[PDB]
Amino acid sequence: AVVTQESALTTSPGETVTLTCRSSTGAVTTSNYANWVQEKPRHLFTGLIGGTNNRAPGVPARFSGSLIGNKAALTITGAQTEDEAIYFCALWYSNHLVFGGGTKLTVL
């Protein structure tokens, strides 16, 4: 099972931007418990969202999770300059976790 993300996406500050997480085995479901993790420069990692839509405590409410079509999605509603980073998603397959390649989000 292979998880694919957008390689890199551009947005402007204040705009809304959606990252996606695709499964090779088919459509992503709640039983994949999609996770989203953020990497900022200097290898600073922060869990954002797991189980599709549940935010970790302290995580800004502008990050939200959902299923759109056949994919899990991270939407950022009102992108901030500090949100410029790499976003990894992770799907659960019933006995193991698989990370996608990660998306580089640039904020103009």
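Note that residue numbering follows the sequence shown and begins at 1.
Engineer: Highest Cα temperature factor in the entry, among the options 54, 75, 38, 80: which one is it?
Structural biologist: Within the set 54, 75, 38, 80, 54 shows the top C-alpha B-factor.
Engineer: Would you mind checking where the Cα B-factor of residue 58 ranks among the modelled residues of its chain, as the lowest, middle or highest third?
Structural biologist: Ranked within chain, residue 58 CA B lands in the highest tercile.
Engineer: Going by the CA temperature factor in the PDB record, which third of the chain does residue 27 belong to: lowest, middle or highest?
Structural biologist: Highest third, going by the recorded CA B-factors of the chain.
Engineer: Going by the CA temperature factor in the PDB record, which third of the chain does residue 48 belong to: lowest, middle or highest?
Structural biologist: Its C-alpha B-factor, which the entry lists for residue 48, ranks in the lowest third among residues of this chain.
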